[PDB]
């Protein structure tokens, strides 16, 4: 029996015979980039499959673009009746009907199926944390109920629990068929985190001490004659798998491409390194003149546009009140009011920054505006690597306005690296931000 072959990659790069070996190197994209993917499957001559299904799911920072799936066989588009497509927020399932199966079965030569589609890197992607998809091709001469893992976060305790059930080909409950081993995998970066095994007398296992902001997946090692149906995620910290006794070959599971966004942290200080609240900046693409970084209007929701306005107004008020205090009056508790308002603002900006463009006039509501908190902190996330320039548009109370822009470089580690000259948060032991120095004489 010749086996089918599969690969998944960016558009034009998939190759089932010779898959890329450096796929674990993420490609830098910015929030709003539409990323195009390609799944190529080779089916041997004289196949007689009862099921040929593809299941694709992705981590939460990639939004599957509904309506973008195209599927061809030997470069001929399938007809609507040839497949059933179901689309969910995190991906899709594409299942050949009998009309579609007829196009890949009983053929006198290898058939090439190509599925293309895109996803948009979204406002939930975290700087330097990659986003990935995961695909299975589930097939066999009997009907197959297998599909691809659904990544999930642990619960707030850092716990993730696997539960397995077993059914026969008809979906009727049956006793555990065999020991079942799974690799717990970091779904963002594709690294194995642990291996667990369920013995036949105990169908649950909990993994502890996981990162609550990381998505993971339990990937079942093939059990002879059983196919793995990963159930829809309903709650953090829980993953469920149903093993169907379909008596089919193990599914195909290609290696997965990765994308990642970059970022930069800053701290507003004076020449004595005192941290300063309420400095406002925009981002330009040159040291003079040039353009300013803005979110694209047609990609910010009504709710998002209003939250930026609301939170900016609360921040302006919180900064004005903090500024009316004497230095001795600027206590931990007073700084906290500013930091809370700034954090709500920063979160609204990150939510509203769904795509970027460069504009001529900095006097534009969509131009990204950064504001320093009472520890002087401000940051930008979701970016392409490159060279950028901060322009101060409003100095901290009592200082002169800066007369030059400040160049900074965004890189694969510009957000996280130490050695940058100041701690983003005082006392952290990591100097992972760049100082922006204000003066009374410019």
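Residue numbers count along the first chain shown, from 1.
166-174 and 115-123 differ in mean CA B-factor, and the higher of the two is recorded for 166-174. For the pair 278-286 and 194-202, the mean Cα B-factor is higher in 194-202. In the deposited coordinates, the residue among 72, 147, 291, 302 with the greatest CA B-factor is 302.
For the set 254, 263, 151, 209, the PDB entry assigns the largest Cα B-factor to 209.
Per-chain ranking of the deposited C-alpha B factor places residue 396 in the middle third. Residue 366: CA B factor lies in the lowest third for its chain, per the PDB record. When the modelled residues of the chain are ordered by C-alpha B-factor, residue 25 sits in the highest third. Among the modelled residues of its chain, residue 106 has a C-alpha B-factor that falls in the middle third, as given in the PDB entry. The entry lists a Cα temperature factor for residue 238 that places it in the highest third of the chain's modelled residues.
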